[PDB]
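Each chain carries a letter (A, B, C, D, E, F and G) given by its place in the written order, and its residues are counted from 1.
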Amino acid sequence: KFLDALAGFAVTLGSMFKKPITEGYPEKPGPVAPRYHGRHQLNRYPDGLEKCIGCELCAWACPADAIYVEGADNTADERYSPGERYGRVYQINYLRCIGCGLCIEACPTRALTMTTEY
Amino acid sequence: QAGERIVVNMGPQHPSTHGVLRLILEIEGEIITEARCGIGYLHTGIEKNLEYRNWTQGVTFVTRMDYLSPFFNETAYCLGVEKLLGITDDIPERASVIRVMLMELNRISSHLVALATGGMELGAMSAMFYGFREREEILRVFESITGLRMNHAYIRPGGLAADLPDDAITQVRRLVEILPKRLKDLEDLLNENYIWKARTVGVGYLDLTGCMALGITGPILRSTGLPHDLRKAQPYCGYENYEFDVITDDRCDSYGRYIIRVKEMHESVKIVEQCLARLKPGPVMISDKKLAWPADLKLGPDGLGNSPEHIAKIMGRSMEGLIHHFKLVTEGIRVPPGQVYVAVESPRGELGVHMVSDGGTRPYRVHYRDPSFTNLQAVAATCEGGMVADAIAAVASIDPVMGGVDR
Amino acid sequence: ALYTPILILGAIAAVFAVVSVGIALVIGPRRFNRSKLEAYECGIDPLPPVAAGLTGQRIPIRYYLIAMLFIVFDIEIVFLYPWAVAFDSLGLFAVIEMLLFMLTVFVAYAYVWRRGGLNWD
Amino acid sequence: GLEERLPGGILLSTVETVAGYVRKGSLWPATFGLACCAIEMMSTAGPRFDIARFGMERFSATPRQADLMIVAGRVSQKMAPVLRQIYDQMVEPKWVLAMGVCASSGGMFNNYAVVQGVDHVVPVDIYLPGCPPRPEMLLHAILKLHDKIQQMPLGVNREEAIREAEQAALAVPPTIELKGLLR
Amino acid sequence: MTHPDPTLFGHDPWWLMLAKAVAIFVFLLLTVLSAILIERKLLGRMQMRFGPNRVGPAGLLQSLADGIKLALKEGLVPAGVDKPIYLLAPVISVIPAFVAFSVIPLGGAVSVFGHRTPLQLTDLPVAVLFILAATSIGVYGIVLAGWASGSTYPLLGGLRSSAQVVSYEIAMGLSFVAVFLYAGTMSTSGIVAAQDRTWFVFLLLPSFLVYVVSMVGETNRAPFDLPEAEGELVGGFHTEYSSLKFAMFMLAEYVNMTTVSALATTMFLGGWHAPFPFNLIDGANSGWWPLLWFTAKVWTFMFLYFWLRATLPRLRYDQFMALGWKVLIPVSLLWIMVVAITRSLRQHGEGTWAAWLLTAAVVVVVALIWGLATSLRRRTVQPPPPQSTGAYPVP
Amino acid sequence: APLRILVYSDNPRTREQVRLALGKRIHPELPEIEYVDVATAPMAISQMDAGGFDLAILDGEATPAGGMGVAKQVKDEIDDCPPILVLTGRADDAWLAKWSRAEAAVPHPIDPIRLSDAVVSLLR
Amino acid sequence: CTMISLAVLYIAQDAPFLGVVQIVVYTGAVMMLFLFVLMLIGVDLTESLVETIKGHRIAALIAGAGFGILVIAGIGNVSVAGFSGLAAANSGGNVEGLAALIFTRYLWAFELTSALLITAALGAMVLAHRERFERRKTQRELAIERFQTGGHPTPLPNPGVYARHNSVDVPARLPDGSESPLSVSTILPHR
């Protein structure tokens, strides 16, 4: 009827009576997926000991060389993690991190996780 | 002669050229006389940078090449790795089904981006927003499944980086329910729109002979009527078991390509329905522990990490488990030496991957025959002689993603 | 008289616009930069100062014919306004006169159209 | 401009406040996507979010009208001249947002082909991680740029701020010398 | 009788006509400052966004913020431009835009401080064509901005502006004729008064459609925003312009929108007469309410503009000009002839003969136009032959 | 008169390294050298706008604004701009150093004699 | 500008409609003449205006000045001989009076304006319109014919990109180091 060619109008008019769908960030931020690759986080055991053992596996796996890890010895006078090693220095260059998540899959202690904070 | 023709840059920084594509146009007033193409304004060194990383790590690189078709790039890479390893016949069924589902949802997403960018290029401003509403519908599923919105590293050699989250299947079922309707809303803007059709009907014409000569593939080739799709001819990743129609057109022009994309979206929705239908629980990674990605990601109160069961296994009990985790994560699998060219039907055409292994844990060569790079050989054919406004429509119809073009 | 309000509105507009351009040039930062002052060419270096041998000195338009026809048609259509406003005062005589004139214009238009004059743009 | 030649009293302060407000509320981007991050920038403009909310709906196609440059992608070597040309062809005041790891520092592509940070070719106002940064992160970075713009000096205050920032910058030890617990 | 009403127009004290000019200027400024924000928010809604909603309460200041920002921004004068014309073009665009709106009836006579004066800056015997002349002059700003910028994209934008004129000017001129024919005058006050019985939109529907299309063209608004065509020419003519000069171009475009929509209201929608639901209400057409009704109709046209932007691509300017010369001009001319014959017959008592003609004529037009649309052209198909490059077999 | 050299870098150690390669009097057959050190692009630009410099050394690796970008800017913005020397953090950066139009380019790490010879060539 | 000014004068001389139509039609006309200047003469060509005919410039200046002086002399003082205002005429409608005259006394001339229009159209079509023989090939046509425009240098090679030079006029470098003629368009004057 030539009306089909005008269907677009029906669209736009209709949408200007349905409510807008925009997420209200930052006053009302949207729900990011539970699995999202947010900022890396270093975790602790319930007693407070650092989970990281400084093995550099996370940094090993990083395709971007975005993790720098230096291990150091745990000792009775100063212990940061269970076992003989811990990550004394742990830097992430977030201007090189691509959020891939390979670090997480690499970590053998779950010391490294990805939060949903972004 | 000279004096009546100007030479202009559609240039990198131009709304229709995706920022990094340079069309040098010799125009007689406003008719395109010659259309030189300047490429490499997005060259990134990925093909070489790959060579200094392991397998299963180069994935993170390849998904960055053709950033609109991440799952297609990743599937091509991982299929090449599996073909080299000879593991193509051992991949779990569930991984293959998830791969088809993700590639087809990605096809919907990539075509939505193509249509949005084309429509806004041709003045159809609301095309951008409606196409991106539809695309965000799919990107939420991608975020849930992979934790990333683009450049996913979810598809990995021999399977997937992890299994679907429990809610994923319901999210994809919701997609299968709504994508028809939202796509129809988009179609109402363009499909029969008189100004849209006038803007693309007969524009950017390219003969089937032209497509063959330049090596064109994807919607451009199929707009010539040829039903050539790598998913039916030369099946891969189990497309043989899916019922779907190869979308084709007879217009051989921009509007034919547009309609092919709009219909390919529906065919993708149909394949996604089939995927959900044939998605039985099972492993997503090859059972050969010597190659399988050892990490088992699981969420917790402290965020996404290795599942505590895996930590217990490799740090308290299983010495061979620990060695395998350590070596497959750090050094990674080493692939037998050899060459293999494996192709997939990316939304923009035959995305090929030439993969060469020197027996090492890093790839020796990974060359992407990105379809966009070859399709851009058609700028001369589809722009020369037409109006510059029509050249914009043609270039949009090609749907060149410059990341894959320049790699 | 009766036009001096139009002149006041025009004066207001002209002062507004001239002061607007003056503000544009005067308010805000100003820093000389050869790159900034060069022609925009989507980021590519613009041609040498001597654009080229010949080059974009002359711009063909594909609708020169329609432009020429526009001249004559636009002028010829202004006869309708006095006829339109004087209608109901001129009588059937003027109606027939303008019908004949408009048929002559139609013949011109049809000759132009059916012979492809309107096609090349 | 004359607006900066006002005396350093209340006139100049209020003019600075209003100008910063306006420039933060009308921060038109340039239509200058490069890569993945360009797609995420379009997604940010898309309805699920609304960059237009922040007065930034008009992605200016011409550099002249654009006040902000979201690099949003990887600057290859062959693109650095073009990116710099576009930057220089915006009219001041202009700010640059290095969207993504590629734009900010080269990202994963530590290679010959990539410039390793647009900072090499253009001053960067704000760096934004991500690969790609999700649209919420882009809006966050843009709001941080809004905060930077509002607290912007002018005239004699601009000169004093440049002097103070220069003096402060001369003292920071370089990143390579911030050896902490690193043995 | 002989509009302009000599008992109403041309007798303002100097201060009162100054104040009316000032009020019209401020009204146009606020109307443009509104239209900016309202258009952005309405486009957002049509695209399910919120549009600007932060700068100031409810995003009110966003248009004002953009204006002040452009003011506070560096004044560019590129080398390679014709400096004089490069600086004049915004002025040539702006002055006529404001001038045109002078003869727009925003209301009926009102007794301001005893003085009986119209809610209208002034009126002219040829007011409608005066608006047309002002708008035509305004296009010189666009074209000379394109040309004087000395860059390929502005040059193309200015040439598209010239083509835009070649497309819309004659169609607009012809669309005015039917209204003049039923009104018997070219003054806007006379044209509104002649619409007391009924609005010419119902009577002169073909003329209304032609005028509205030629209007959307005249302002360079989508789907005919060809001189800019950001998707093709980056910024078209207003490339190379920044700060208040670009702001002046855009303000000129929006004031042209307001002027031509106000004219559309004036000569097709009873001008300032209250719509039907308030037609029966006492005093709806007196006092200041006519101003409200005029603004309401003008803003319905503004909504039409925004809606067109949100739901149509942009034609190629050759396609638009082919529309103008193959659809708009023939239709307007044949409508003028048909309406003239219709009025002559009604004045000669033929009665039904006119109704048979009128209804038939459009019925014929609606066919032949579709003939140029689908039934005779623009709906064909063809094939092609292969070359020597060993092409595959098409199933 | 003394020559004034603008050494631009936000890394203090690179500035000290440049000041070491170039003594108070490089090539004793040459005038004395005066050093104005700048660690921000705006200050470097303003000092250049003041003028009177015989050479400017711009660390191509400067963090918030690279010395190559500043080099192109200063050549586009200061009439009678003094010759520019660039320190490049990468061998592949040479091409950009060519684009920056700096009269010479010295790769990191600053080789003292190479930098001194480059400067003497520019200031002669 | 001159046409606009004369329109203003027409309005000031109690000729509203004539002045307004002047503005409108001559806006159109000067727009088209500007288009034809861009086509046939040039976009910003600065013509020499140097006398090419020996002494012609002085002769033309003298003749023009003499004719102007003589016409002014002939006009002389005329208005002092009786200047009947136009009010009695414009009363009832300036346009109404013009309609009365045009379609009553000057009807024949009004009809002949149609002949003028038709002759202009016929001249335009005969001398300007170019029939099929010179019709430019369509993009559709161009892509065809041994796959034109793509078989041949698929898409001609782009102009070279160098440090310090990326403009379209820059020719690309072949492996041996020579400059590829094809990279730079035919119309450009090398570099």
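Just so we're on the same page, contacts are C-beta pairs under 8 Å (C-beta built on N, C-alpha and C of every residue); 3 or more make two chains touch, one makes a residue touch a chain.
By chain, with names taken from UniProt: B = NADH-quinone oxidoreductase subunit D; C = NADH-quinone oxidoreductase subunit A; D = NADH-quinone oxidoreductase subunit B; E = NADH-quinone oxidoreductase subunit H; F = Two-component system response regulator; G = NADH-quinone oxidoreductase subunit J.
Two chain pairs are in question, A-D and B-E; the one with more C-beta pairs in contact is B-E. Located most centrally within the structure is D, per distance between chain CA means and the overall CA mean. The centroid of the Cα atoms in subunit B and the matching centroid in subunit G are 51 Å apart. We define each chain's centre as the mean of its Cα atoms; on that basis subunit A and subunit F are separated by 41 Å.
Taking the mean of the C-alpha atoms as each chain's centre, subunit A and subunit C sit 58 Å apart. Under the contact definition stated at the top, the residues of subunit A that touch 2 or more other chains are 8, 11-12, 20-22, 32, 63-64, 98-100. Residue positions 44, 46-50, 72-76, 124, 126, 129-130, 150, 152-153, 155, 159, 162, 166, 169, 173, 185-186, 230, 234, 239-240, 243, 310-312, 318, 384, 387, 389 of subunit E are each in touch with at least two other chains. Of all residues in subunit G, those that touch two or more other chains are 17, 21, 24, 28, 32, 35, 38, 43-44, 93, 95, 140, 144, 147, 151, 161, 163, 166, 168-169, 187-188.
Of all possible chain pairs, those that touch are A-B, A-D, A-E, B-C, B-D, B-E, B-G, C-D, C-E, C-F, C-G, D-E, D-F, D-G, E-G, F-G. Across the complex, subunit B is touched by residues 41-44, 47, 52-62 of subunit C. By the touch rule above, subunit F contacts subunit G in their complex via residues 95-96, 98-99, 101. Across the complex, subunit B meets subunit A through its residues 53, 57-58, 60-61, 126, 130, 133, 140, 143-148, 151, 153, 161, 165, 185, 187-194, 293-295, 297, 299-300, 302-306, 308, 311, 314-315, 322, 325-326, 329-330.
Interface residues of subunit G facing subunit D in the complex, by the touch rule stated above, are 161, 163, 166.
On the side of subunit B, the complex with subunit D involves touching residues 11-15, 18-20, 40-46, 48-49, 60-61, 64, 67-68, 113, 116-117, 128-129, 132-133, 135-136, 139, 149-151, 402-403, 406.
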